[PDB]
Amino acid sequence: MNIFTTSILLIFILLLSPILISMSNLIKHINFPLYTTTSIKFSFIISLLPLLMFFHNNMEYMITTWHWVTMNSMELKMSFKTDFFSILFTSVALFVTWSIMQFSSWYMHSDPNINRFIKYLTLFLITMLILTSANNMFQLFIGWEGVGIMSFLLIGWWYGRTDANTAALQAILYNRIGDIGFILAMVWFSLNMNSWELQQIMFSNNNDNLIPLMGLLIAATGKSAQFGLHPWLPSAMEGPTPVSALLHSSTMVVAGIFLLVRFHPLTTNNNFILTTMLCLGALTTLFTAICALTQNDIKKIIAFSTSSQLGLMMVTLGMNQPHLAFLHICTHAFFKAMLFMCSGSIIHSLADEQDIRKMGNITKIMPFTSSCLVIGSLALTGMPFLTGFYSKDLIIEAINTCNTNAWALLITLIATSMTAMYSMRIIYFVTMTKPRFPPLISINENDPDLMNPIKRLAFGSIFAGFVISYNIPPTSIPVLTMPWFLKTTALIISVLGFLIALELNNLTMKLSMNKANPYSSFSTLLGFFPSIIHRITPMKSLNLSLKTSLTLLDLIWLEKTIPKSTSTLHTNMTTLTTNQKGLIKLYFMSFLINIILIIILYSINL
Amino acid sequence: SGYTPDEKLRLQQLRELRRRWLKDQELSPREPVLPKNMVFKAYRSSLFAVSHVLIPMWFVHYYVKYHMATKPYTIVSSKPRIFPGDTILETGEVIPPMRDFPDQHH
Amino acid sequence: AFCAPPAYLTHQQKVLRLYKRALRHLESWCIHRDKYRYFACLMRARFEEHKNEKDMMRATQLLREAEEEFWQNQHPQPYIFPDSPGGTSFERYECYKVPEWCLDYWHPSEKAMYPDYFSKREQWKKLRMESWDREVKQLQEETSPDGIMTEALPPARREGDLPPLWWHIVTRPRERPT
Amino acid sequence: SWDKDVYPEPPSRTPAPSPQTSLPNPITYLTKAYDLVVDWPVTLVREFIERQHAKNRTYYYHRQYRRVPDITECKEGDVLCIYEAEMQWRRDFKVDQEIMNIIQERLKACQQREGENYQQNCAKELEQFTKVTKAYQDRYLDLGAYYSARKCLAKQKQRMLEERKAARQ
Amino acid sequence: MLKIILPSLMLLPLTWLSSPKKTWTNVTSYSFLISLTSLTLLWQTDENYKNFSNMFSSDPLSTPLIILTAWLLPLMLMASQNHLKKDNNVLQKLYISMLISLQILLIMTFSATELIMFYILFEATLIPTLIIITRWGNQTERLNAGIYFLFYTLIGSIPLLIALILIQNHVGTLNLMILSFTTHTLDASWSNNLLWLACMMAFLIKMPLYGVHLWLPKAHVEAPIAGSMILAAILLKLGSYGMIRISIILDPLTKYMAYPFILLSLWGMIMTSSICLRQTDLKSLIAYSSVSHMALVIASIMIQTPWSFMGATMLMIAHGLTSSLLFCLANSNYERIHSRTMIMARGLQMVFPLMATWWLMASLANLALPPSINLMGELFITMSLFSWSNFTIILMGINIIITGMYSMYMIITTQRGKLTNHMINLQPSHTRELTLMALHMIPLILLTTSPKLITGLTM
Ligand SMILES: CCCCCCCCCCCCCCCCCC(=O)OC[C@H](COP(=O)([O-])OCC[N+](C)(C)C)OC(=O)CCCCCCCCCCCCCCCCC
Ligand SMILES: CCCCCCCCCCCCCCCCCC(=O)OC[C@H](COP(=O)(O)OCCN)OC(=O)CCCCCCCCCCCCCCCCC
Ligand SMILES: CCCCCCCCCCCCCCCCCC(=O)OC[C@H](COP(=O)(O)OCCN)OC(=O)CCCCCCCCCCCCCCCCC
């Protein structure tokens, strides 16, 4: 009981230690990125210890480490609900972040603020662990906005870039709408159950939770970039590649999905919530796969891959399968960490060049990165017995075998086929064909700081799904008695997508121009949602603000109503009352009128 | 068309001054004027493990055992799984076994 | 960047700009090098076919129709170089392009950390002191009495003289400052 | 320092280890190393601290207030006994707040202890919580920010009058 | 309370008898000691109220305001040290005397046990703010701004005086605890409705309520830094304290006379957040942010939930600290560039990294970052407002969204982006102003660490 809590809070202490070293004025004498990388790997080992303990005895833990404040009949206490989800995501996130910071030490070389970057990544990791392991909604909300703000800073890392600042601002906006949904849910639970404690939420499982479930759904939509609130993720690709990987690929984007997994006992009792979660997830994975089919920037392609897999998780949470969603969280975290790290190595070797139209012959010129990229693409598509086979295939069988929306099922299968097709597009236009990059060869991937995190993430993306899924305690009973076309559905549609995209890429190789069609224009131009919404909603908002609020109300009509009207009235009265001609004749006539008036009031008063 | 002679001469003079400025941006070899390794397993990682882990582990263990277990409901854990045929360590009673399992086709 | 835009773009300049934009969008569509070379040779053949026009009103109409076709058949995501506006590395290092006048505000200890570079810095400052009045006189002398003037600037017209307004051009921060 | 009379906890029932496999248990190995490296020096330091405490031991007492006359036997306008009854009421209000906190911690501890059986084995804790929140809603709800003994008495009198009117039929 | 009032009173002979090369040092150090002495009012080991005398008392609500004022006075001297360096010694000592008079009269105002004494000290505090804004303001609109501020506040405060004298004649003593104990219900007649409006509108002007908020932006813009601090951090909260003190004797008709002011506050914080989005002046933008935050305070105080009163208290203290910090950062930029334009200075993250860090933490406190007392105030106000009516969450959500937008718009257009390289008159940093930002931001961290001090009367 002591070693478990000591290990968890030691993970937290080892996370907070490089921040104190950063503010303790000894960075100029030590190697801060290497020190932080060693700190994260040690945090991963002391995180591996309760992973083994929970895999043995399945002990479920609550730790109240610090009583913050007692507020009549409501105690805000800093507490951790050490879950299965909390333990496994802690281990996976620490392993991934160790890989990302080693890759960051390689990639952010010749950068004046490499220590600033490393400290920002560490602070983001601390906030993400707070969000993941938090027991009460206030602490989870602390983690939520800490992650959001550090995402803002890391997107606007290159603060001299107007596009980076704009992308960070709109990421803040969509995360803020998610925060509004979270605040609605938090306030409803505070009013109806006197606490933000998940135990009292579990006791709240047996009533109508429609309003707080709607709030949590809005919060998860904002955080996980589902449809309506999606484009902040592909805009958030603007920042550096390790930020892209760690933030937008593995840890932050699955926070809303993680929140839904946390509130899954409430989710199971509301059928309307389950149906709208399923429909929203199917729509967003279909739309994001459609967008991913025709992008040219490799980071944008794998970002829309991230959003489509998040839509798959959101579908899985539309089903009563939260543990499958969390397994896909860990699986997806591994895949996108390795894929993004490979893409960043490609970009650095090709000198900050990002779109796939100026790449090629990568299999021959960068064999290690090519092999790891092929591993990531195959395992993301769902090659059997890799890490993705133990989550994605079970999701496909679950949606094929349980009662769902038919259109959601169909577009989920088509989205999986599109996942195969854009993975083929990545493989073809990067690792195949002839070179298209500028001639000067500056490729040097022989750095150990580059190779070793990709090796660790390759071992993850090969074996971690198998090891984890065989170590999961049995829950959410799958169905295995099912027809052969339903059983091999995911593999069949993945092979079909690979073949279709291969022949389409060969048709692009064929020497003929074709007139573009509105389907490809819709897919390449982001579905027109960013252009249309980001032009009409800010214009109406700021136009209403300036034209009505400030100008009309404050600078015109409240001034015309109270103060200038009072001043004008008193000015008119004082001019009218002291426009005196200065004649004693008129003054004495006025005095006579006053005398007559006072006699009249005396006569009427008596 | 091409360069007019005035702007051509201006760019040549400006570029020559740019060459001079960029050459003057160089650093002399004395600038800036500033005012037990063993093996990695035995000193690089061992000292880190015994310094930045062991003392924090001591402090956390002290705080956990002497400021959380002394309080009632700080560390609350679920009941462990109890199976038939198991022996309870704390109580000492053995759980009776299951029924006869009529289906053994697989 | 190093030359100021004129009052208007001529027809020949507009034709060249349309040709370059059309070939860039053609490479964005074609991707493969042999395919782009084939279709770019076709586009060059089209431009050479419409090259010899004398009426010039028919040429303006042809230019309008050609750029209308270009706007109909332009790539939704044309290829942009990373340093180009709208690219990925555009304005990435403006956060590192620190202007040179902060060395005037540097502490004497930080100045003593780099003695020779700072000594060259006051040599450059003294040269600027000596050249400013002469280049102001040159700018006042070479200004035309008419209201016509462009944004172009004169060069130095004699020995021992510097081009007018040379400081912000010569002492600009590097595009790779670190 | 805490007592099971006010923080009830069922006795733990852990099963004996029955390792079918022949592989060593890394949790047991790391736990034994963890005690031998960490727990022994920590308990040595705490024993030194505790014997220093025993060398310099001091005592403190829990303050108790006698019952002043309640606001019902208290004349209006006579602000002395108004004040005494009002601060007694505020003290009892704070005590009831902490009683609510105690019951809420009991409910949370029950839910975390039972885990998957919380819908059945936490019936007594949920019943106690429901009864105490019904009593709290009867005595302190909807008083406002300027809650007082007079407002609580008015609300109680209104509730009693409503109950008496409903008890006629 | 006398042990805090008397040495603050004796600060004035120290100011007028100190050497011209020692006046700032002596007054700043001794006012820091005044704040340290004023920290003793937090010794509340009992539910009983600290009634020091028949005239002065301390309260769980009055104590944080007194400590805040005593803390801002040395910070006020620090901010006023720079723009008076080219100024006469007699006028410097006069300005220090005006600030010390503010600090003294505000401690007596918050610690007064009598509402008529509270009113006397209310516009006794109004006078030196007028003098500071009118004499040491920079632009030509300072005279108009002083006229607007004074006459909004006095046309508010006259019916408050009539209502106070009527309450004194009706009850007998107007003592706060006697009123709180022998509070009598109102008959919900027209006379009682007009009396309620008379005793409410003064504090509603001082808040300021939406529609009558027009004196605040121009006074904050044309005011000096110490005037901006005293207004945005003490005087609005003084109107807050006035409503909290006066609302006890207004039952039951406040439950329906609260209706227009709640709507005005919610729609007005939305309106002023929109103005913050489309505002071209930094001081104006911070002023309208202050108007929105005090509109939240109005909504909480008028819905009269205990959770709402607590959220109003924590929002009082948190918004005072973060608004003073925001005005300090704006004034540092103003003393750098001699301009107040929002868009003119852009890339200050490059030249001033530590000041941009202070900018970032100030804006994060402004936009309610967890677990700060700012967000605790807004979240508990949100909870109480949703309890009052479930459809308030839409207006709260719009307000919070636009709040995040204007805070990040501040950060992006004042720190991020390319540097305006033509501003060669950018001195690196003063240790004085960096110390000013640190002394503004550290108490926010400490009150975040321990939020039980500023919970207020209800809990
Ligand atoms: C800043 C806001 C300015 C505008 C609003 C001003 C306040 C509006 C509400 C209060 C009424 C006016 C002030 C009266 C103060 C005393 C109230 C009181 O005691 O009420 C109970 C009393 C009644 O006392 P009573 O309770 O004893 O009633 C008798 C009851 N029996 C018989 C049963 C015992 O109400 C009044 O006497 C009110 C009469 C007011 C008449 C004069 C009003 C003049 C104009 C005022 C506003 C001027 C400034 C703004 C002009 C426009 C600017 C754009
Ligand atoms: C089957 C069911 C389907 C259901 C579908 C439901 C869809 C719901 C959609 C809800 C959200 C819609 C509004 C989103 C607005 C986003 C605005 C934004 O951030 O735009 C960014 C834009 C510039 O960015 P961009 O154009 O993308 O990139 C330029 C790169 N050079 O512009 C900017 O950066 C401008 C900077 C900000 C200006 C101020 C904005 C203030 C907005 C206040 C909004 C208040 C009301 C919010 C209501 C939310 C309701 C959910
Ligand atoms: C939503 C709520 C709605 C309800 C509440 C509404 C009321 C809110 C509070 C009222 C605020 C009023 C503000 C008045 C001052 C602003 C006007 C002003 O500044 O006017 C200046 C002007 C003189 O300007 P001057 O300096 O000469 O020249 C310009 C530059 N040299 O001045 C003039 O020309 C004349 C100024 C006269 C003095 C004005 C201040 C005193 C007003 C007394 C009002 C009495 C009302 C009752 C009268 C009896 C009944 C009819």
# chains A, B, ... in the order shown; residues from 1 in each chain; ligands from 1
>>> interface_residues(of="chain E", to="chain C", cutoff="12 Å", atoms="only C-alpha atoms", output="list in words")
residues 346, 347, 348, 349, 350, 351, 352, 353, 415, 416, 417, 418, 419, 420, 421, 422, 423, 424, 425, 426, 427, 428 and 429 of chain E
>>> write_last_selection(atoms="C-alpha atoms", output="PDB file, in the first residue's frame")
ATOM      1  CA  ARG E 346       4.047  44.260 -31.164  1.00  0.00           C
ATOM      2  CA  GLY E 347       7.165  42.134 -30.724  1.00  0.00           C
ATOM      3  CA  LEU E 348       8.051  42.829 -27.094  1.00  0.00           C
ATOM      4  CA  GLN E 349       8.587  39.103 -26.382  1.00  0.00           C
ATOM      5  CA  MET E 350      11.983  39.472 -28.073  1.00  0.00           C
ATOM      6  CA  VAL E 351      13.394  42.495 -26.237  1.00  0.00           C
ATOM      7  CA  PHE E 352      11.666  41.856 -22.878  1.00  0.00           C
ATOM      8  CA  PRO E 353      11.510  38.110 -22.135  1.00  0.00           C
ATOM      9  CA  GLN E 415       4.234  40.279 -27.230  1.00  0.00           C
ATOM     10  CA  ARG E 416       4.156  37.814 -30.122  1.00  0.00           C
ATOM     11  CA  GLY E 417       4.834  38.564 -33.774  1.00  0.00           C
ATOM     12  CA  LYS E 418       7.587  40.507 -35.473  1.00  0.00           C
ATOM     13  CA  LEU E 419       9.309  43.248 -33.501  1.00  0.00           C
ATOM     14  CA  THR E 420       8.715  46.892 -34.393  1.00  0.00           C
ATOM     15  CA  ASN E 421      12.402  47.615 -34.974  1.00  0.00           C
ATOM     16  CA  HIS E 422      11.862  51.385 -35.260  1.00  0.00           C
ATOM     17  CA  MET E 423      11.399  51.627 -31.464  1.00  0.00           C
ATOM     18  CA  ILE E 424      15.067  52.102 -30.633  1.00  0.00           C
ATOM     19  CA  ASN E 425      14.133  53.838 -27.356  1.00  0.00           C
ATOM     20  CA  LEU E 426      13.392  50.553 -25.565  1.00  0.00           C
ATOM     21  CA  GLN E 427      15.256  50.447 -22.268  1.00  0.00           C
ATOM     22  CA  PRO E 428      15.747  46.791 -21.201  1.00  0.00           C
ATOM     23  CA  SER E 429      14.015  46.654 -17.801  1.00  0.00           C
TER      24      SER E 429
END
>>> interface_residues(of="chain A", to="chain E", cutoff="7 Å", atoms="only C-alpha atoms", output="PyMOL selection string")
chain A and resi 69+71-72+142+145+159-162+165+169+176-177+180+184+187+542+545-546+549-550+554+558
>>> closest_residue(among="A:313, A:432, A:424, A:378", to="chain C", atoms="only C-alpha atoms")
A:432
>>> closest_residue(among="D:71, D:153, D:33, D:6", to="chain A", atoms="only C-alpha atoms")
D:33
>>> interface_residues(of="chain D", to="chain A", cutoff="9 Å", atoms="only C-alpha atoms", output="PyMOL selection string")
chain D and resi 26-27+30-31+34-35+93-94+96-101+104+107-113+115+118-119+126
>>> write_last_selection(atoms="C-alpha atoms", output="PDB file, in the first residue's frame")
ATOM      1  CA  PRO D  26       9.512  -9.125  -9.656  1.00  0.00           C
ATOM      2  CA  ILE D  27       6.973  -7.329  -7.464  1.00  0.00           C
ATOM      3  CA  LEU D  30      11.354  -5.128  -5.763  1.00  0.00           C
ATOM      4  CA  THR D  31       9.168  -4.861  -2.651  1.00  0.00           C
ATOM      5  CA  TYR D  34      12.133  -1.343  -1.370  1.00  0.00           C
ATOM      6  CA  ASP D  35      11.720  -2.109   2.337  1.00  0.00           C
ATOM      7  CA  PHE D  93     -23.965  25.364  11.373  1.00  0.00           C
ATOM      8  CA  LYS D  94     -20.203  24.912  10.957  1.00  0.00           C
ATOM      9  CA  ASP D  96     -23.145  20.397  10.666  1.00  0.00           C
ATOM     10  CA  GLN D  97     -21.028  21.352   7.637  1.00  0.00           C
ATOM     11  CA  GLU D  98     -18.197  19.182   8.924  1.00  0.00           C
ATOM     12  CA  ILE D  99     -20.662  16.373   9.745  1.00  0.00           C
ATOM     13  CA  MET D 100     -21.734  16.514   6.093  1.00  0.00           C
ATOM     14  CA  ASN D 101     -18.079  16.302   5.062  1.00  0.00           C
ATOM     15  CA  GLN D 104     -19.462  12.331   2.230  1.00  0.00           C
ATOM     16  CA  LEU D 107     -19.720   7.398   1.075  1.00  0.00           C
ATOM     17  CA  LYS D 108     -16.618   7.919  -1.086  1.00  0.00           C
ATOM     18  CA  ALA D 109     -14.627   5.396   0.962  1.00  0.00           C
ATOM     19  CA  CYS D 110     -17.443   2.853   0.611  1.00  0.00           C
ATOM     20  CA  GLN D 111     -17.584   3.340  -3.162  1.00  0.00           C
ATOM     21  CA  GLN D 112     -13.820   3.008  -3.603  1.00  0.00           C
ATOM     22  CA  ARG D 113     -13.624  -0.027  -1.298  1.00  0.00           C
ATOM     23  CA  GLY D 115     -15.535  -0.998  -6.541  1.00  0.00           C
ATOM     24  CA  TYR D 118     -20.819  -0.470  -4.931  1.00  0.00           C
ATOM     25  CA  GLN D 119     -24.433  -0.696  -6.115  1.00  0.00           C
ATOM     26  CA  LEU D 126     -26.175   5.643   0.766  1.00  0.00           C
TER      27      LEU D 126
END
>>> interface_residues(of="chain B", to="chain D", cutoff="7 Å", atoms="only C-alpha atoms", output="compact mmCIF listing (two decimals) with C-alpha atoms, in the first residue's frame")
# COMPACT_ATOMS: atom_id res chain seq x y z
CA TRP B 58 12.72 8.57 0.95
CA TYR B 62 8.00 9.27 4.76
CA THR B 70 -2.21 8.35 9.92
CA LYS B 71 -5.37 9.90 8.36
CA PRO B 72 -8.53 7.79 7.81
CA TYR B 73 -9.52 7.81 4.13
CA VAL B 76 -8.43 3.73 0.08
CA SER B 77 -8.12 0.65 -2.12
CA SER B 78 -10.68 -1.76 -3.54
CA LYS B 79 -11.16 -5.26 -2.21
CA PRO B 80 -8.79 -7.79 -3.82
CA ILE B 82 -11.14 -13.66 -3.92
CA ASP B 86 -8.25 -19.52 -1.90
CA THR B 87 -7.18 -19.04 1.71
CA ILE B 88 -7.74 -15.68 3.39
CA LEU B 89 -4.52 -14.45 5.00
CA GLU B 90 -6.21 -12.09 7.46
CA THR B 91 -9.17 -14.27 8.46
>>> residues_near_ligand(ligand="ligand 1", cutoff="6 Å", atoms="only C-alpha atoms and all ligand atoms", output="number ranges by chain")
A: 562, 566; E: 155-156, 159, 162-163, 166, 191-192, 194-195, 197-198, 201
>>> closest_residue(among="A:218, A:147, A:592, A:351", to="chain C", atoms="only C-alpha atoms")
A:351
>>> residues_around(residues="residue E:241", least_positions_apart="5", cutoff="12 Å", atoms="only C-alpha atoms", output="VMD selection string")
chain E and resid 59 to 66 106 109 to 112 115 118 to 119 122 200 202 to 204 206 to 207 234 to 236 246 to 248 294 297 to 298 301 309 312 to 313 316 to 317 456 to 457
>>> atom_distance(atom1="atom CA of residue A:365", atom2="atom CA of residue C:92")
27.8 Å
>>> closest_residue(among="A:532, A:454, A:14, A:491", to="chain B", atoms="only C-alpha atoms")
A:14
>>> interface_residues(of="chain D", to="chain E", cutoff="6 Å", atoms="only C-alpha atoms", output="PyMOL selection string")
chain D and resi 77+144-145
>>> write_last_selection(atoms="C-alpha atoms", output="mmCIF file, in the first residue's frame")
data_model
loop_
_atom_site.group_PDB
_atom_site.id
_atom_site.type_symbol
_atom_site.label_atom_id
_atom_site.label_comp_id
_atom_site.auth_asym_id
_atom_site.auth_seq_id
_atom_site.Cartn_x
_atom_site.Cartn_y
_atom_site.Cartn_z
ATOM 1 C CA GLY D 77 -34.535 43.585 19.987
ATOM 2 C CA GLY D 144 -29.654 32.639 1.504
ATOM 3 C CA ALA D 145 -26.299 34.305 1.992
#
>>> closest_atom_pairs(of="chain B", to="chain C", cutoff="9 Å", atoms="only C-alpha atoms", output="tab-separated table")
residue	atom	partner	partner_atom	distance
B:6	CA	C:154	CA	6.0
B:7	CA	C:154	CA	6.9
B:8	CA	C:155	CA	8.5
B:9	CA	C:155	CA	5.9
B:10	CA	C:155	CA	4.3
B:11	CA	C:155	CA	8.1
B:13	CA	C:163	CA	7.1
B:14	CA	C:170	CA	6.4
B:15	CA	C:170	CA	7.5
B:17	CA	C:170	CA	6.3
B:18	CA	C:170	CA	4.9
B:19	CA	C:170	CA	8.7
B:21	CA	C:171	CA	7.0
B:22	CA	C:171	CA	8.6
B:24	CA	C:120	CA	6.8
B:25	CA	C:117	CA	7.0
B:26	CA	C:117	CA	7.5
B:27	CA	C:117	CA	6.8
B:28	CA	C:116	CA	7.2
B:30	CA	C:114	CA	8.7
B:31	CA	C:114	CA	5.8
B:32	CA	C:113	CA	5.4
B:33	CA	C:113	CA	4.8
B:34	CA	C:113	CA	6.7
B:35	CA	C:113	CA	8.4
>>> write_last_selection(atoms="N, CA, C and O atoms", output="CSV table (one decimal), in the first residue's frame")
chain,number,residue,atom,x,y,z
B,6,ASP,N,21.7,52.9,-62.4
B,6,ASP,CA,21.7,53.5,-61.0
B,6,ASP,C,21.4,52.4,-60.0
B,6,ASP,O,22.1,52.3,-59.0
B,7,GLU,N,20.3,51.6,-60.2
B,7,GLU,CA,20.0,50.6,-59.2
B,7,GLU,C,21.0,49.4,-59.2
B,7,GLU,O,21.3,48.8,-58.2
B,8,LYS,N,21.7,49.2,-60.4
B,8,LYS,CA,22.7,48.2,-60.4
B,8,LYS,C,23.9,48.6,-59.6
B,8,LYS,O,24.4,47.8,-58.8
B,9,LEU,N,24.3,49.9,-59.8
B,9,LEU,CA,25.4,50.4,-58.9
B,9,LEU,C,25.1,50.4,-57.5
B,9,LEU,O,25.9,50.1,-56.6
B,10,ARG,N,23.8,50.8,-57.2
B,10,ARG,CA,23.4,50.8,-55.8
B,10,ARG,C,23.4,49.4,-55.1
B,10,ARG,O,23.9,49.2,-54.0
B,11,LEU,N,22.9,48.4,-55.9
B,11,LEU,CA,23.0,47.0,-55.4
B,11,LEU,C,24.4,46.5,-55.2
B,11,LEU,O,24.7,45.8,-54.3
B,13,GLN,N,27.1,48.4,-54.6
B,13,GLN,CA,27.7,49.0,-53.4
B,13,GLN,C,27.1,48.5,-52.1
B,13,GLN,O,27.8,48.2,-51.1
B,14,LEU,N,25.8,48.3,-52.1
B,14,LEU,CA,25.1,47.8,-50.9
B,14,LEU,C,25.5,46.4,-50.6
B,14,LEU,O,25.7,46.0,-49.4
B,15,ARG,N,25.7,45.5,-51.6
B,15,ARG,CA,26.1,44.2,-51.4
B,15,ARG,C,27.6,44.1,-50.9
B,15,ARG,O,27.9,43.3,-50.1
B,17,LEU,N,29.0,46.4,-49.1
B,17,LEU,CA,28.9,46.8,-47.7
B,17,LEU,C,28.3,45.7,-46.9
B,17,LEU,O,28.7,45.5,-45.7
B,18,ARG,N,27.4,44.9,-47.4
B,18,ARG,CA,26.9,43.8,-46.7
B,18,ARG,C,27.9,42.7,-46.5
B,18,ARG,O,28.0,42.0,-45.5
B,19,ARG,N,28.8,42.5,-47.5
B,19,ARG,CA,29.9,41.6,-47.3
B,19,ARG,C,30.8,42.0,-46.2
B,19,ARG,O,31.3,41.2,-45.4
B,21,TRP,N,30.0,44.0,-43.6
B,21,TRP,CA,29.3,43.8,-42.4
B,21,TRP,C,29.2,42.4,-41.9
B,21,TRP,O,29.4,42.1,-40.7
B,22,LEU,N,28.9,41.5,-42.8
B,22,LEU,CA,28.9,40.1,-42.4
B,22,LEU,C,30.2,39.5,-42.1
B,22,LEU,O,30.3,38.6,-41.2
B,24,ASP,N,32.5,41.4,-40.6
B,24,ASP,CA,32.7,42.0,-39.3
B,24,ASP,C,31.8,41.3,-38.2
B,24,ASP,O,32.0,41.5,-37.0
B,25,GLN,N,30.8,40.5,-38.6
B,25,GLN,CA,29.9,39.8,-37.7
B,25,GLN,C,30.7,38.6,-37.1
B,25,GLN,O,30.1,37.9,-36.2
B,26,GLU,N,31.8,38.2,-37.6
B,26,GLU,CA,32.6,37.1,-37.2
B,26,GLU,C,33.1,37.3,-35.8
B,26,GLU,O,33.1,38.4,-35.2
B,27,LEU,N,33.5,36.2,-35.1
B,27,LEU,CA,34.0,36.2,-33.8
B,27,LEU,C,35.5,35.9,-33.8
B,27,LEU,O,35.9,34.9,-34.5
B,28,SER,N,36.3,36.7,-33.1
B,28,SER,CA,37.7,36.4,-32.9
B,28,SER,C,37.9,35.1,-32.0
B,28,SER,O,37.0,34.8,-31.3
B,30,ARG,N,39.4,34.5,-29.4
B,30,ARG,CA,39.4,34.7,-27.9
B,30,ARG,C,38.0,35.1,-27.4
B,30,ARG,O,37.8,35.3,-26.2
B,31,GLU,N,37.0,35.2,-28.3
B,31,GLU,CA,35.6,35.5,-27.9
B,31,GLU,C,34.8,34.3,-27.9
B,31,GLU,O,34.9,33.4,-28.8
B,32,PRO,N,33.8,34.2,-27.0
B,32,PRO,CA,33.5,35.1,-25.9
B,32,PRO,C,34.5,35.0,-24.7
B,32,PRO,O,35.0,33.9,-24.4
B,33,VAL,N,34.8,36.1,-24.1
B,33,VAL,CA,35.8,36.2,-23.0
B,33,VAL,C,35.1,35.8,-21.7
B,33,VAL,O,34.5,36.7,-21.0
B,34,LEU,N,35.1,34.5,-21.4
B,34,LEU,CA,34.5,34.1,-20.1
B,34,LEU,C,35.4,34.5,-18.9
B,34,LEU,O,36.6,34.4,-19.0
B,35,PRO,N,34.8,35.0,-17.8
B,35,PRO,CA,35.5,35.4,-16.6
B,35,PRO,C,36.1,34.2,-15.9
B,35,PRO,O,35.7,33.1,-16.1
>>> interface_residues(of="chain A", to="chain C", cutoff="10 Å", atoms="only C-alpha atoms", output="PyMOL selection string")
chain A and resi 110-112+157-164+238-239+294-297+351-360+429+433-436+508-516+520-526
>>> atom_distance(atom1="atom CA of residue E:189", atom2="atom CA of residue E:257")
12.0 Å
>>> closest_atom_pairs(of="chain A", to="chain B", cutoff="9 Å", atoms="only C-alpha atoms", output="CSV")
residue,atom,partner,partner_atom,distance
A:1,CA,B:75,CA,7.9
A:2,CA,B:65,CA,6.4
A:3,CA,B:61,CA,7.5
A:5,CA,B:64,CA,7.0
A:6,CA,B:61,CA,5.4
A:7,CA,B:57,CA,7.8
A:9,CA,B:60,CA,6.8
A:10,CA,B:57,CA,6.2
A:13,CA,B:56,CA,7.3
A:14,CA,B:53,CA,7.5
A:17,CA,B:52,CA,8.4
A:38,CA,B:45,CA,8.4
A:39,CA,B:52,CA,8.5
A:42,CA,B:49,CA,8.2
A:57,CA,B:80,CA,6.9
A:58,CA,B:80,CA,7.2
A:59,CA,B:78,CA,6.1
A:60,CA,B:78,CA,5.2
A:61,CA,B:77,CA,4.6
A:62,CA,B:76,CA,5.3
A:63,CA,B:75,CA,4.7
A:64,CA,B:74,CA,4.3
A:65,CA,B:74,CA,6.6
A:66,CA,B:74,CA,8.7
A:79,CA,B:74,CA,8.4
>>> residues_around(residues="residue A:475", least_positions_apart="6", cutoff="12 Å", atoms="only C-alpha atoms", output="list in words")
residues 84, 320, 321, 322, 323, 324 and 469 of chain A; 116 of chain D
>>> closest_atom_pairs(of="chain A", to="ligand 3", cutoff="8 Å", atoms="only C-alpha atoms and all ligand atoms", output="tab-separated table")
residue	atom	partner	partner_atom_place_in_ligand_line	distance
A:562	CA	ligand 3	6 (C)	5.5
A:563	CA	ligand 3	13 (C)	4.1
A:564	CA	ligand 3	17 (C)	5.2
A:565	CA	ligand 3	17 (C)	7.9
A:566	CA	ligand 3	14 (C)	6.1
A:567	CA	ligand 3	35 (C)	3.8
A:568	CA	ligand 3	34 (O)	5.7
A:569	CA	ligand 3	35 (C)	7.6
A:570	CA	ligand 3	35 (C)	5.3
A:571	CA	ligand 3	34 (O)	5.1
